[PDB]
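Structure 1 and structure 2 below are the same protein chain in two forms, each given by itself as structure tokens.
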Structure 1
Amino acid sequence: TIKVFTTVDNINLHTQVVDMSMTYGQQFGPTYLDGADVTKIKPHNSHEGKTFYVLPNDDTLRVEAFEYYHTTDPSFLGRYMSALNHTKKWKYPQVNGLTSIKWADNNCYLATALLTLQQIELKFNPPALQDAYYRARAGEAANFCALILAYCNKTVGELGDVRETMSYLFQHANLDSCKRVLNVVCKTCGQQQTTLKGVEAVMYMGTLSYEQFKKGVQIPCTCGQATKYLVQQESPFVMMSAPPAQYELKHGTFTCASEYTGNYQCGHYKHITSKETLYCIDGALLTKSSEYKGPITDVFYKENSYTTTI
């Protein structure tokens, strides 16, 4: 026999006692240790005193599960533990003061998102996301990367899009105060203004230039071509995205950007960040230059309050 702590959040610990004749699944259900499925494994002598993750099987664990993860998905823990088994083996080197990831298991899009998150202002709603976010900014990013995969319904090795990953993460963050007011001017229909809140207010797909979005872009109208432009923007940042194309990044005019080279889906991401000079972070590799020209698909800008002059 061995005394054992079970948990769903690694906060509230529930004392249990097991007999070593029965595997952990026979007494706790699906059980995990440091990301390893110890369900069909009988208790060992070193397993005494440790804390294990268990699938919620009573109401107390279900409530503690939601309050920490903000999900009731019964598959979340398993997917989370399965990713952590890989992410805990990745290397997370410090590059230019930022925590990056050495290349492994097609994680280039995860490293780019990780580096981007360390340069924009985000408050995550699930306490599990926020705690791992803090630990990741301090260098321990294995649990944060595993949570990103689980929250995005992606597995280790799967090909990932950075813009889609940031969008899913934005939906789990507090962006209620974010507001975008647009105005569409059609030659026949007239003018009409709409207001966007939340995640829809901080992302645009179509162009990389924040200035071009302020000056207006061409969109088709219901009557078959109108023009939309940005009237007001209330957000700590904006994300401008477009299909990969050659683009010149000027120092001091942007926060960071996503470079994408190669074919659709199976390409490779690099991260460009604007400090005292332009830096390029490719996993564990770092290069710098005063100017940059390359295939860019995401650009991030700082913002607070903006009102047009039209």
Structure 2
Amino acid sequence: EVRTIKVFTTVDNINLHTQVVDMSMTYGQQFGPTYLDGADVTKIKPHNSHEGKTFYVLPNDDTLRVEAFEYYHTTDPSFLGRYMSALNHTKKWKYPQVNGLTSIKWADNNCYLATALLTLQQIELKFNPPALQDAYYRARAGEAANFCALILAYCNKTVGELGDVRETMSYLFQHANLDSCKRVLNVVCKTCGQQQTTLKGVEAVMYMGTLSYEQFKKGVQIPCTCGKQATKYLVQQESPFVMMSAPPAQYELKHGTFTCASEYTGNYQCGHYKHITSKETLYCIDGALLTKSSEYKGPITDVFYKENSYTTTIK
């Protein structure tokens, strides 16, 4: 006796593909790798409770390949398997509202993701892939499981791995509309003279070397090919924020002088991130945990600042 049920397959959870499945065969035998809200059902035979349900499958024909690219903006063949693997964990995480923002209760080394999510809610940023637009909208409303699983997939990180906030933000910014962001730098060597550089997009909003936006405007010392130290300073900035990053070092955050910051305690192999936000006072959001202080000092790795337009007074 042949038994069948109707199910739907998808790559984006919007466009559905009607399937009739033989209840005598695994999902794997019929569709290849198959997932039900993140759970791998490849080796499971259809249940009666499955009728009418939506299953994710890998893009295995031209229609799904186009749908997957249009939704995620990636053709990485392992992407949906990585997204589903992460989602099976992130759907069990807790997303408390802390000081009016969606955070993440600590689990599975997810401190870097909490501080990234908190930062995103404080800066002006629009994502390009519909997957991130839709998932980020849900995250802002408090249901961040899809958004967190997408960040893990886009960053090639598995649940439990040690992430870096700077690297995570770089991936998210690659998938954001930063096209009108512009930065002009001048590099002055007492031997070699002056050289101006223009940076656009993600490179216009990220700097690695100093946490202080004010120091970057005054000048920072960098190597020159001649062997001397040159001075690099900000000539012009057009962006709605900037991110200043450096290896973790004891640093004092002053209320009203920055938007938010990431603190990292530990070493190259394991550690813990916290988030500091400057509002009516300094709030330290540590997943579900919240403390406040008038002053803050700690091993800061990243600081975000509000911007619109800046032009140097240096000649």
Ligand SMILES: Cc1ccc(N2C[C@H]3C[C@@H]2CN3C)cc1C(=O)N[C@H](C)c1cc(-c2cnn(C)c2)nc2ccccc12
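All residue numbers here follow the sequence of structure 1, with the first residue given the number 1. Definition used throughout: the rigid core is the maximal C-alpha set that superposes within 1.5 Å between two forms.
Item to complete: Just flag whichever of structures 1 and 2 is the form deposited without the named molecule.
Response: That would be structure 2.
Practice prompt. Report, in Å with one decimal, the C-alpha displacement of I11 between structures 1 and 2 after core superposition.
Written response: That residue's C-alpha is offset by 1.2 Å.
Item to complete: Check the Cα of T277 between structures 1 and 2 on a core superposition and give its shift in Å.
Response: Shift of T277 at C-alpha, rigid core superposed: 0.7 Å.
Worksheet item: By how many angstrom is the Cα of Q265 displaced between structures 1 and 2 when the rigid core is overlaid?
Response: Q265 is displaced by 3.4 Å at its C-alpha.
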